[PDB]
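To keep things clear, I will list the structure first and then write my remarks on it.
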Amino acid sequence: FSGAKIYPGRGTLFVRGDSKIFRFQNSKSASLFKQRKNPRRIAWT
Amino acid sequence: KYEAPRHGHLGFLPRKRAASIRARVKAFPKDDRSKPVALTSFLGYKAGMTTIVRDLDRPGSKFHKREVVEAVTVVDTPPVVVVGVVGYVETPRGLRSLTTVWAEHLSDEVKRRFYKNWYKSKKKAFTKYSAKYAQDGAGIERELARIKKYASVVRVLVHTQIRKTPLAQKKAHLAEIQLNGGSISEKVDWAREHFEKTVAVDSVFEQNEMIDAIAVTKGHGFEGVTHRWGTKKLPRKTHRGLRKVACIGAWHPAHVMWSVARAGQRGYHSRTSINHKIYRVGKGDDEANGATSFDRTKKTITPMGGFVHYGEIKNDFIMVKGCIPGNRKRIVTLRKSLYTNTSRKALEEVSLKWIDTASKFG
Amino acid sequence: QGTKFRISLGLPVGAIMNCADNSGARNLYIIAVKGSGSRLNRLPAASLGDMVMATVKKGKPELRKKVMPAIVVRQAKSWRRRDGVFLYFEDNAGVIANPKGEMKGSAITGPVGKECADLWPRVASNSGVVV
RNA sequence: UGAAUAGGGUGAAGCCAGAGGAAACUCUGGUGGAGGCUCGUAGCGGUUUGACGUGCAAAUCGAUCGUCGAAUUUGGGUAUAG
RNA sequence: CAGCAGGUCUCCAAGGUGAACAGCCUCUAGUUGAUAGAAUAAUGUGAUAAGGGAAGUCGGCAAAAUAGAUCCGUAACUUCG
RNA sequence: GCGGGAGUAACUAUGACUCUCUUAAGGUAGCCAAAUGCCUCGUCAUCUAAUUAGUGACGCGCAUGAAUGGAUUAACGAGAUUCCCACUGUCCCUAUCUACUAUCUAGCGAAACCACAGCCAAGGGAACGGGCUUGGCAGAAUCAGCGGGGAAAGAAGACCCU
RNA sequence: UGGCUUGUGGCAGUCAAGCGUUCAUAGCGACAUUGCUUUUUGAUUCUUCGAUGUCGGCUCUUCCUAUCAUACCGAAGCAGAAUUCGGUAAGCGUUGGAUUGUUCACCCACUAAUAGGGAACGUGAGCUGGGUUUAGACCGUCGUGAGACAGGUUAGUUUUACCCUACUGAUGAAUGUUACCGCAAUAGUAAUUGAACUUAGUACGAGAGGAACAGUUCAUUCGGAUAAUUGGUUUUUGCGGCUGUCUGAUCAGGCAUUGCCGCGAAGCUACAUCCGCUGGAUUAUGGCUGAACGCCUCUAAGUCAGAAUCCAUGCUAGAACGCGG
């Protein structure tokens with residue numbers, strides 16, 4: 001989920017749709033893709 | 001008297017517990033008939049892994065010299081201390097010595113160990129830690145030991161130095177270790193300069209050989225037939241026979257042999273894994289890890305934090321691409337490889353491109 | 001041929017999978033694989049960039065029925081690339097092909113893989129969105 | 001011959017009103033009565049599955065399933081014996 | 001027969017939440033049985049999960065989809081109940 | 001209770017109709033390959049990666065037929081098949097965590113229950129021997145495990161005849 | 001049921017006249033038989049009633065090769081290559097679905113391709129109980145009938161703790177003692193195939209076609225190793241929502257309805273990660289010098305080249321193997 005820093009040779013990409021490129025970053029942030037927690041409340045993301 | 005196919009490895013019989021915490025190996029890897037003096041094995045502690053982002057060894061690949069993600073056990077190798085270089089020769093009976101050549105000063109963790117002070121077990125007699133034994137007269141007669149003609153492989157009884165690795169105990173871990181070299185004469189001559197106190201790590205392990213990964217594995221449970229061998233379940237999965245099995249014997253004859261699919265100890269021997277190819281040797285601090293993702297868990301080399309259940313590494317390590325038995329805390333014994341398969345990729349160092357560092361957790 | 005990848009399990013016999021090219025069935029099928037070998041209970045797992053065989057279970061009679069073997073395009077399983085970049089898609093979908101690997105329709109729609117087009121240069125001709 | 005079914009949904013037949021129809025059909029509301037109408041508890045029946053069988057009852061126990069104003073269930077007294 | 005996981009007529013009817021007498025939960029009011037501690041294998045007894053979607057087994061057995069209130073919209077044909 | 005043999009229409013191919021024998025005298029309306037069919041993967045269409053079910057007929061009825069009845073024909077079910085939509089730990093594919101016990105301990109205290117004995121390969125043989133012939137092999141103090149034999153827990157076998 | 005024979009018969013040697021272009025044996029084979037053998041398919045009451053419980057499949061415990069495929073060789077009435085046939089030799093690999101209770105019967109999609117025989121077919125105190133020994137009821141067919149049938153249909157008991165042994169793990173004790181570990185006189189073990197880069201557009205040919213042989217890499221699959229860039233679980237410790245009641249009330253806090261229900265990381269693991277072929281002894285076969293035997297030729301003197309398996313390397317271990325200071 002979160003707006004962290006992806007490495008050149010690390011980082012899982014989900015392309016669900018017409019190649020809608022998402023990615024995980026943090027472990028805690030991958031979790032907020034089940035629950036759908038929006039970046040309104042959670043500020044650091 | 002039928003057969004069903006070989007689910008699981010047969011010849012780990014008997015499945016005996018490896019009582020001693022360090023692994024043993026009777027059939028040692030035979031001489032480096034190239035390097036004039038070496039050891040056969042060494043010493044390590046199992047710590048944790050990193051993802052080495054490097055490039056391939058095999059140079060003709062379809063995706064040659066791309067980015068390659070790889071496993072690596074970064075095991076800590078403090079050098080071992082000699083008590084005495086035992087001069088095993090022959091007699092007309094067998095493999096019998098004549099004298100050892102002692103070291104003068106041992107380590108500190110020789111205090112508590114040299115004994116067998118444990119309950120329901122034998123002692124030793126009062127062969128405690130060293131006074132000042134045979135080394136002065138003994139050092140010259142190991143030259144005369146090869147003049148016998150009745151002469152064998154000369155070896156050396158060693159002990160560890162512990163706290164240096166983050167484990168805090170000061171009762172040393174013992175083993176004898178064989179000296180290798182050019183000939184029988186050379187593994188005596190150059191080993192006279194080894195018994196001084198401590199040996200070298202780099203004598204046995206040259207960078208980019210292979211290293212066979214023997215150690216002591218975990219004892220899983222009293223594992224039944226499903227996990228220990230490799231039987232299924234029945235898809236009806238009712239009554240008595242869920243995680244059971246069928247045949248153990250046979251009608252004609254009633255007496256079978258040691259193949260049978262029963263329950264008992266899994267893992268936990270001094271089990272040998274084959275030619276894990278040595279990546280690099282790094283002395284101090286070089287590589288790091290700690291990346292905030294799920295991959296595999298709970299062994300992190302210098303992140304923000306440390307390793308869990310080990311302590312943070314500030315020593316001298318050897319990097320084996322692959323693995324080595326045990327889990328956290330467990331002390332391992334890295335044996336070298338006698339049959340080195342691929343050509344030695346030494347001289348220059350192997351690539352480290354970049355590696356992550358953050359938390360491992362959230 | 002080597003995929004150079006990680007080819008994962010979990011595409012057994014059956015396969016309700018969508019029509020990846022513009023032939024346009026509904027439910028396809030996957031029968032025997034290319035180079036089979038399993039056990040009873042144990043289902044033959046297909047993969048992506050392959051050339052597994054196929055009929056078509058349900059749909060409409062211009063695209064339904066009677067074999068022409070396929071090649072699967074997408075799976076939602078995450079697979080380890082050697083260069084450390086994982087990629088899972090969306091929907092399962094097979095291109096109904098011909099027995100040495102080329103599409104029956106005019107082009108593939110939806111995402112496709114890199115390595116699927118590395119294997120077959122014939123399927124690489126009229127690809128979809130290369131991810 | 002004595003005792004027991006709370007709760008909750010519909011409603012022909014009879015009878016009246018209102019718009020509409022040559023007249024009858026149609027068509028809008030109220031009043032009202034006969035249910036194996038009908039529904040959920042009491043009373044009451046037994047489809048599937050697991051554990052028991054040297055154990056709690058000489059066919060047992062757990063999870064699971066049916067009916068109920070009708071050909072309704074049940075107690076007591078009394079009579080019928082190869 | 002039993003100091004046995006049992007048979008056994010039959011009386012009375014508070015608060016707030018949910019039709020009632022489901023459930024929910026406290027009163028008036030009552031009580032944990034004729035042996036016990038610590039670790040908590042294999043194996044028999046409970047739940048979770050990637051990807052697939054029936055492909056498995058005598059056996060959709062097992063297990064999944066869905067659910068209320070209120071409004072819209074809806075199929076053959078009758079012994080016309 | 002409700003028939004046989006023989007002859008017969010352009011042309012492949014068939015018997016309307018006719019004769020003859022036999023008996024008390026030889027069947028209508030309507031339907032068919034059955035809870036009944038030897039013959040039969042019969043014969044044809046559609047479906048199916050193969051598909052004999054689904055569903056379309058063929059005629060080649062071993063042996064259909066009106067009152068302990070054919071036939072019209074709506075409602076109802078812990079009763080019986082298939083196609084079709086979404087889908088499913090049953091399986092692929094197994095892993096992980098949890099409740100309770102096993103391990104281990106105290107107390108009091110069962111159960112039907114009593115062959116000298118307890119290796120295997122070859123050989124003879126009351127006929128498939130750890131037990132008998134030769135040869136190879138086989139030590140004891142002890143506990144946790146697991147379903148192959150001996151053939152357990154048991155009743156004078158279920159077949160089978162008096 | 002076991003024994004016996006091989007009846008009923010299978011296979012081969014093979015009498016070898018025929019017939020295939022000529023032409024006993026490329027091939028096809030009248031007419032049949034001899035030895036072997038125990039498979040089609042049964043002759044026999046020899047040996048058995050204080051049990052002699054069935055079929056197809058799941059799961060796990062062997063040995064042989066009457067040989068499908070992998071190593072090694074030779075020949076044709078075979079142009080390379082497609083096609084056709086025979087010998088050395090048992091270490092390993094030997095698919096997925098549909099018709100049908102069902103292997104048989106019978107069809108399809110691939111794939112490098114999908115063998116033969118025995119062993120109480122491991123085989124109901126591991127497992128299903130569809131196939132498989134009684135008891136509701138009906139039809140056809142037969143008999144005066146109660147009812148029957150070498151014909152079909154509908155429902156209809158898998159109990160429990162292994163005495164001794166096989167047997168898989170863990171401890172305790174024997175030539176002073178002995179923490180600690182190396183010999184290898186010995187015991188257990190591991191195993192396979194395809195595609196692609198590329199060889200090569202070369203050999204050879206009418207035309208379609210396209211061989212010897214290298215270097216290089218990797219994908220199915222198995223075991224052991226497996227805890228980082230993957231995928232998930234994590235009742236431990238934190239985070240979201242709903243109902244009732246108590247603690248005097250409000251309030252602040254609790255029990256309780258599975259972890260109430262809604263969402264992560266300790267601790268573990270795969271749907272996953274890493275790794276894997278030395279010397280010695282010899283066979284078919286071909287030669288080498290030279291016989292038996294004036295010539296000749298692999299053997300009698302003499303002397304060499306030579307196969308997955310064989311056999312050892314690689315790892316575990318009561319001198320009879322954990323050595324022994």
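Please note that chains go A, B, ... in the order of the structure tokens, that every chain numbers its residues from 1, and that ligands are numbered from 1 in the order shown.
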Taking the chain letters and numbering used in this document, name the residues of stretch 137-261 of chain B that DSSP puts in alpha helix (DSSP H), as a PyMOL selection string.
chain B and resi 186-189+225-228
Output the selection as a short mmCIF file (atom, residue, chain, number, x, y, z; two decimals), in the first residue's frame - N, CA, C and O atoms for each residue.
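Result saved to again_22.cif:
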data_model
loop_
_atom_site.label_atom_id
_atom_site.label_comp_id
_atom_site.auth_asym_id
_atom_site.auth_seq_id
_atom_site.Cartn_x
_atom_site.Cartn_y
_atom_site.Cartn_z
N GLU B 186 54.31 -33.05 5.10
CA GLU B 186 53.95 -31.65 5.06
C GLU B 186 52.88 -31.28 6.07
O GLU B 186 52.93 -30.20 6.65
N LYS B 187 51.91 -32.19 6.33
CA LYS B 187 50.87 -31.96 7.32
C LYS B 187 51.37 -32.13 8.74
O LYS B 187 50.63 -31.88 9.69
N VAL B 188 52.66 -32.51 8.92
CA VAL B 188 53.34 -32.53 10.20
C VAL B 188 54.17 -31.27 10.31
O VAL B 188 54.06 -30.56 11.31
N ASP B 189 55.02 -30.98 9.30
CA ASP B 189 55.99 -29.91 9.32
C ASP B 189 55.37 -28.55 9.50
O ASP B 189 55.78 -27.79 10.38
N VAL B 225 4.21 -41.77 10.40
CA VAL B 225 4.49 -42.28 9.08
C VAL B 225 4.24 -41.26 7.98
O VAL B 225 4.93 -41.27 6.96
N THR B 226 3.29 -40.31 8.19
CA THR B 226 2.95 -39.27 7.23
C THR B 226 4.11 -38.34 6.95
O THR B 226 4.45 -38.12 5.79
N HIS B 227 4.75 -37.79 8.00
CA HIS B 227 5.82 -36.83 7.84
C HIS B 227 7.17 -37.51 7.74
O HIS B 227 8.05 -37.03 7.03
N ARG B 228 7.38 -38.64 8.46
CA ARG B 228 8.68 -39.25 8.58
C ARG B 228 9.10 -39.97 7.32
O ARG B 228 10.26 -39.89 6.92
#
List the spatial neighbours of residue A:10 as a PyMOL selection string - criterion: any atom at most 6 Å away, only C-alpha atoms (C1' of nucleotides), same-chain residues fewer than 5 positions off excluded.
(chain C and resi 84-85) or (chain G and resi 229)
Print the selection's residues with N, CA, C and O atoms (P, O5', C5', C4', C3', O3' and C1' of nucleotides) to a file, as a PDB file, in the first residue's frame.
ATOM      1  N   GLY C  84      14.200 -10.577  -9.238  1.00  0.00           N
ATOM      2  CA  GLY C  84      13.600 -10.130  -7.997  1.00  0.00           C
ATOM      3  C   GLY C  84      12.460  -9.182  -8.199  1.00  0.00           C
ATOM      4  O   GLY C  84      12.428  -8.105  -7.612  1.00  0.00           O
ATOM      5  N   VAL C  85      11.482  -9.551  -9.047  1.00  0.00           N
ATOM      6  CA  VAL C  85      10.310  -8.732  -9.219  1.00  0.00           C
ATOM      7  C   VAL C  85       9.185  -9.672  -9.539  1.00  0.00           C
ATOM      8  O   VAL C  85       9.148 -10.324 -10.582  1.00  0.00           O
TER       9      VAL C  85
ATOM     10  P     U G 229      13.728 -10.217   3.321  1.00  0.00           P
ATOM     11  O5'   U G 229      13.733 -10.518   1.750  1.00  0.00           O
ATOM     12  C5'   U G 229      13.704  -9.339   0.914  1.00  0.00           C
ATOM     13  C4'   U G 229      13.629  -9.661  -0.590  1.00  0.00           C
ATOM     14  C3'   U G 229      12.286 -10.102  -1.156  1.00  0.00           C
ATOM     15  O3'   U G 229      11.370  -8.997  -1.193  1.00  0.00           O
ATOM     16  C1'   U G 229      14.070 -11.258  -2.225  1.00  0.00           C
TER      17        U G 229
END
Can you pull out the residues contacting stretch 61-73 of chain F? Cut-off 10 Å, using only C-alpha atoms (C1' of nucleotides), and skip same-chain residues under 6 positions away; I want them as a ChimeraX atom specification.
/E:78-79 /F:27-34,36-39 /G:140
Where does stretch 3-122 of chain C meet stretch 19-34 of chain A within 12 Å, residue by residue, with the nearest atom pair and distance in Å to one decimal for each, counting only C-alpha atoms, listed by chain and rising number, as a Markdown table?
| residue | atom | partner | partner_atom | distance |
| --- | --- | --- | --- | --- |
| C:74 | CA | A:19 | CA | 11.9 |
| C:85 | CA | A:23 | CA | 10.4 |
| C:86 | CA | A:23 | CA | 9.7 |
| C:87 | CA | A:23 | CA | 9.4 |
| C:88 | CA | A:21 | CA | 10.3 |
| C:89 | CA | A:19 | CA | 8.0 |
| C:90 | CA | A:19 | CA | 9.0 |
| C:91 | CA | A:19 | CA | 11.7 |
| C:109 | CA | A:19 | CA | 11.3 |
| C:110 | CA | A:19 | CA | 7.9 |
| C:111 | CA | A:19 | CA | 6.3 |
| C:112 | CA | A:19 | CA | 9.4 |
| C:113 | CA | A:19 | CA | 11.1 |
Write a file of the just-selected residues containing N, CA, C and O atoms, as a PDB file, in the first residue's frame.
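Output (result-v3.pdb):
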ATOM      1  N   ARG C  74      -2.549 -16.133 -17.972  1.00  0.00           N
ATOM      2  CA  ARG C  74      -2.598 -15.448 -16.705  1.00  0.00           C
ATOM      3  C   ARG C  74      -3.004 -16.420 -15.634  1.00  0.00           C
ATOM      4  O   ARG C  74      -3.755 -17.358 -15.888  1.00  0.00           O
ATOM      5  N   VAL C  85      11.482  -9.551  -9.047  1.00  0.00           N
ATOM      6  CA  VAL C  85      10.310  -8.732  -9.219  1.00  0.00           C
ATOM      7  C   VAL C  85       9.185  -9.672  -9.539  1.00  0.00           C
ATOM      8  O   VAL C  85       9.148 -10.324 -10.582  1.00  0.00           O
ATOM      9  N   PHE C  86       8.242  -9.779  -8.584  1.00  0.00           N
ATOM     10  CA  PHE C  86       7.157 -10.726  -8.603  1.00  0.00           C
ATOM     11  C   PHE C  86       6.010 -10.074  -9.322  1.00  0.00           C
ATOM     12  O   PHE C  86       5.971  -8.851  -9.470  1.00  0.00           O
ATOM     13  N   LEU C  87       5.064 -10.887  -9.839  1.00  0.00           N
ATOM     14  CA  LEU C  87       3.999 -10.353 -10.647  1.00  0.00           C
ATOM     15  C   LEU C  87       2.891 -11.357 -10.668  1.00  0.00           C
ATOM     16  O   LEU C  87       3.056 -12.456 -11.194  1.00  0.00           O
ATOM     17  N   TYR C  88       1.726 -10.961 -10.113  1.00  0.00           N
ATOM     18  CA  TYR C  88       0.490 -11.697 -10.184  1.00  0.00           C
ATOM     19  C   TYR C  88      -0.497 -10.858 -10.954  1.00  0.00           C
ATOM     20  O   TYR C  88      -0.411  -9.630 -10.958  1.00  0.00           O
ATOM     21  N   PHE C  89      -1.416 -11.525 -11.695  1.00  0.00           N
ATOM     22  CA  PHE C  89      -2.228 -10.895 -12.716  1.00  0.00           C
ATOM     23  C   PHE C  89      -3.590 -10.511 -12.187  1.00  0.00           C
ATOM     24  O   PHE C  89      -3.718  -9.489 -11.515  1.00  0.00           O
ATOM     25  N   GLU C  90      -4.645 -11.286 -12.536  1.00  0.00           N
ATOM     26  CA  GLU C  90      -6.013 -10.939 -12.237  1.00  0.00           C
ATOM     27  C   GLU C  90      -6.827 -12.196 -12.387  1.00  0.00           C
ATOM     28  O   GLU C  90      -7.092 -12.883 -11.406  1.00  0.00           O
ATOM     29  N   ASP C  91      -7.250 -12.501 -13.633  1.00  0.00           N
ATOM     30  CA  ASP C  91      -8.164 -13.562 -13.972  1.00  0.00           C
ATOM     31  C   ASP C  91      -7.388 -14.645 -14.661  1.00  0.00           C
ATOM     32  O   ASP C  91      -6.383 -14.369 -15.313  1.00  0.00           O
ATOM     33  N   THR C 109      -6.117 -10.337 -25.614  1.00  0.00           N
ATOM     34  CA  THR C 109      -6.550  -9.167 -24.880  1.00  0.00           C
ATOM     35  C   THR C 109      -6.245  -9.440 -23.426  1.00  0.00           C
ATOM     36  O   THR C 109      -6.105 -10.589 -23.012  1.00  0.00           O
ATOM     37  N   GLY C 110      -6.096  -8.363 -22.621  1.00  0.00           N
ATOM     38  CA  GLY C 110      -5.743  -8.450 -21.220  1.00  0.00           C
ATOM     39  C   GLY C 110      -4.245  -8.426 -21.074  1.00  0.00           C
ATOM     40  O   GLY C 110      -3.533  -8.258 -22.065  1.00  0.00           O
ATOM     41  N   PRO C 111      -3.723  -8.588 -19.864  1.00  0.00           N
ATOM     42  CA  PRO C 111      -2.288  -8.687 -19.630  1.00  0.00           C
ATOM     43  C   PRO C 111      -1.687  -9.960 -20.189  1.00  0.00           C
ATOM     44  O   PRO C 111      -2.414 -10.928 -20.401  1.00  0.00           O
ATOM     45  N   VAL C 112      -0.354  -9.962 -20.425  1.00  0.00           N
ATOM     46  CA  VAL C 112       0.413 -11.133 -20.785  1.00  0.00           C
ATOM     47  C   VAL C 112       1.708 -11.012 -20.018  1.00  0.00           C
ATOM     48  O   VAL C 112       2.006  -9.960 -19.450  1.00  0.00           O
ATOM     49  N   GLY C 113       2.525 -12.093 -19.999  1.00  0.00           N
ATOM     50  CA  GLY C 113       3.806 -12.110 -19.325  1.00  0.00           C
ATOM     51  C   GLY C 113       4.917 -11.738 -20.265  1.00  0.00           C
ATOM     52  O   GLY C 113       4.724 -11.611 -21.473  1.00  0.00           O
TER      53      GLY C 113
END
What does the distance from atom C1' of residue E:41 to atom CA of residue B:215 come to in Å, to one decimal?
24.1 Å
Output the contact residues of chain B with respect to chain A at a cut-off of 6 Å, based on only C-alpha atoms, as an MDAnalysis selection string.
chainID B and resid 292:293 362
Serialized selection, N, CA and C atoms, as a short mmCIF file (atom, residue, chain, number, x, y, z; two decimals), in the first residue's frame:
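Generated output (out-v3.cif):
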data_model
loop_
_atom_site.label_atom_id
_atom_site.label_comp_id
_atom_site.auth_asym_id
_atom_site.auth_seq_id
_atom_site.Cartn_x
_atom_site.Cartn_y
_atom_site.Cartn_z
N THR B 292 11.38 -5.00 4.93
CA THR B 292 10.07 -5.02 5.52
C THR B 292 9.11 -5.63 4.51
N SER B 293 9.11 -6.97 4.45
CA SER B 293 8.22 -7.74 3.62
C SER B 293 8.18 -9.09 4.25
N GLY B 362 7.01 -4.86 10.53
CA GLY B 362 5.95 -4.07 9.93
C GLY B 362 6.44 -3.04 8.90
#
Would you list which chain G residues are within 8 Å of chain B using only C-alpha atoms (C1' of nucleotides), as a ChimeraX atom specification?
/G:58-62,119-120,122,126-128,166-169,177-183,188-189,197,216-217,223-230,264-265,273-276,315-316,323-325
Suppose we keep C-alpha atoms (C1' of nucleotides); can you now write the selection as a PDB file, in the first residue's frame?
ATOM      1  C1'   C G  58      -6.842 -45.794  -2.542  1.00  0.00           C
ATOM      2  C1'   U G  59      -2.584 -46.251   0.739  1.00  0.00           C
ATOM      3  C1'   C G  60       2.050 -48.474   2.278  1.00  0.00           C
ATOM      4  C1'   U G  61       5.900 -53.569   2.911  1.00  0.00           C
ATOM      5  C1'   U G  62       9.502 -57.917  -2.478  1.00  0.00           C
ATOM      6  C1'   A G 119       4.590 -63.775  -5.138  1.00  0.00           C
ATOM      7  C1'   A G 120      -1.908 -66.160   0.515  1.00  0.00           C
ATOM      8  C1'   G G 122       0.857 -56.077   0.961  1.00  0.00           C
ATOM      9  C1'   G G 126      -4.752 -50.080   7.753  1.00  0.00           C
ATOM     10  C1'   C G 127      -9.434 -48.890   3.919  1.00  0.00           C
ATOM     11  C1'   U G 128     -14.113 -48.259   0.684  1.00  0.00           C
ATOM     12  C1'   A G 166       8.149 -59.360  12.521  1.00  0.00           C
ATOM     13  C1'   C G 167       9.183 -54.152  14.027  1.00  0.00           C
ATOM     14  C1'   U G 168      10.439 -48.320  14.626  1.00  0.00           C
ATOM     15  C1'   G G 169      12.339 -44.937  18.040  1.00  0.00           C
ATOM     16  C1'   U G 177      39.812 -45.984  33.585  1.00  0.00           C
ATOM     17  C1'   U G 178      38.560 -42.117  30.214  1.00  0.00           C
ATOM     18  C1'   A G 179      35.589 -35.995  28.488  1.00  0.00           C
ATOM     19  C1'   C G 180      37.182 -35.714  22.699  1.00  0.00           C
ATOM     20  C1'   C G 181      37.762 -37.792  17.141  1.00  0.00           C
ATOM     21  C1'   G G 182      40.155 -39.620  12.792  1.00  0.00           C
ATOM     22  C1'   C G 183      40.996 -45.431   9.777  1.00  0.00           C
ATOM     23  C1'   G G 188      23.178 -49.090   5.200  1.00  0.00           C
ATOM     24  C1'   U G 189      22.701 -45.651   0.216  1.00  0.00           C
ATOM     25  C1'   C G 197      20.923 -22.028 -27.052  1.00  0.00           C
ATOM     26  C1'   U G 216      26.271 -24.597 -23.468  1.00  0.00           C
ATOM     27  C1'   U G 217      21.812 -24.276 -20.500  1.00  0.00           C
ATOM     28  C1'   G G 223      15.127 -37.185  -1.612  1.00  0.00           C
ATOM     29  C1'   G G 224      18.228 -34.604   1.834  1.00  0.00           C
ATOM     30  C1'   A G 225      19.118 -29.726   2.837  1.00  0.00           C
ATOM     31  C1'   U G 226      15.171 -25.610   3.408  1.00  0.00           C
ATOM     32  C1'   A G 227      13.668 -20.039   7.174  1.00  0.00           C
ATOM     33  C1'   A G 228      16.509 -13.976   3.133  1.00  0.00           C
ATOM     34  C1'   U G 229      14.070 -11.258  -2.225  1.00  0.00           C
ATOM     35  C1'   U G 230       8.825 -14.899  -2.050  1.00  0.00           C
ATOM     36  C1'   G G 264      -0.995  -7.233  11.908  1.00  0.00           C
ATOM     37  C1'   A G 265       3.993  -8.943  13.622  1.00  0.00           C
ATOM     38  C1'   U G 273      14.778 -22.543  -1.341  1.00  0.00           C
ATOM     39  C1'   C G 274      19.619 -25.112  -2.114  1.00  0.00           C
ATOM     40  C1'   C G 275      22.630 -29.294  -3.973  1.00  0.00           C
ATOM     41  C1'   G G 276      24.297 -33.954  -6.479  1.00  0.00           C
ATOM     42  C1'   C G 315      27.953 -40.042   3.267  1.00  0.00           C
ATOM     43  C1'   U G 316      26.268 -43.429   8.653  1.00  0.00           C
ATOM     44  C1'   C G 323      38.898 -46.465  14.793  1.00  0.00           C
ATOM     45  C1'   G G 324      41.923 -44.813  19.616  1.00  0.00           C
ATOM     46  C1'   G G 325      45.599 -40.852  21.731  1.00  0.00           C
TER      47        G G 325
END
Chain C contacts to chain G at 8 Å (only C-alpha atoms (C1' of nucleotides)) as a compact mmCIF listing (two decimals) with C-alpha atoms, in the first residue's frame:
# COMPACT_ATOMS: atom_id res chain seq x y z
CA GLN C 1 12.23 -25.26 -22.84
CA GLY C 2 13.28 -23.39 -19.71
CA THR C 3 10.90 -20.70 -18.45
CA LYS C 4 13.86 -19.15 -16.56
CA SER C 8 4.07 -22.78 -9.82
CA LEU C 9 1.38 -25.39 -9.21
CA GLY C 10 -2.37 -24.82 -8.86
CA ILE C 31 -7.37 -31.81 -20.40
CA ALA C 32 -3.99 -33.61 -20.33
CA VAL C 33 -0.87 -31.43 -20.00
CA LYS C 34 2.26 -31.42 -22.16
CA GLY C 35 4.50 -33.99 -20.48
CA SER C 36 2.20 -35.48 -17.88
CA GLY C 37 3.14 -37.70 -14.93
CA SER C 38 1.34 -37.75 -11.61
CA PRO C 44 -1.86 -32.48 -13.51
CA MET C 53 -4.13 -29.33 -24.26
CA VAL C 67 -10.19 -29.96 -29.40
CA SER C 78 2.91 -14.76 -7.58
CA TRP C 79 6.00 -16.23 -9.19
CA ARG C 80 9.68 -15.57 -8.37
CA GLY C 84 13.60 -10.13 -8.00
CA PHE C 86 7.16 -10.73 -8.60
Find the spatial neighbours of residue D:54, counting only C-alpha atoms (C1' of nucleotides), within a cut-off of 10 Å - ignore same-chain residues fewer than 2 positions away - and output them as a PyMOL selection string.
(chain F and resi 110-112+153) or (chain G and resi 160-161)
With C-alpha atoms (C1' of nucleotides) kept, could you save the residues just selected as a PDB file, in the first residue's frame?
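Contents of out07.pdb, freshly written:
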ATOM      1  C1'   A F 110     -10.955 -54.201  36.930  1.00  0.00           C
ATOM      2  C1'   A F 111     -11.873 -57.765  32.594  1.00  0.00           C
ATOM      3  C1'   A F 112     -13.093 -63.007  29.929  1.00  0.00           C
ATOM      4  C1'   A F 153     -10.970 -61.026  21.784  1.00  0.00           C
TER       5        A F 153
ATOM      6  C1'   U G 160     -12.635 -54.861  19.883  1.00  0.00           C
ATOM      7  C1'   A G 161      -7.628 -52.773  23.918  1.00  0.00           C
TER       8        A G 161
END
Kindly indicate which residue among C:27, C:41, C:125, C:47 lies nearest to chain B, using only C-alpha atoms for the distances.
C:41
Selection: 12 Å around residue G:243, only C-alpha atoms (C1' of nucleotides), excl. self and same-chain fewer than 3 positions, as a PyMOL selection string
(chain E and resi 16-18+23-25) or (chain G and resi 256-257+260)
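Distances from C:24, C:49, C:59, C:105 to chain F were compared using only C-alpha atoms (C1' of nucleotides), and the smallest one belongs to C:59.
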Report as an MDAnalysis selection string all protein, DNA and RNA residues lying within 9 Å of stretch 16-28 of chain G, evaluated on only C-alpha atoms (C1' of nucleotides), omitting residues in the same chain fewer than 3 positions from it.
chainID G and resid 76:77 84
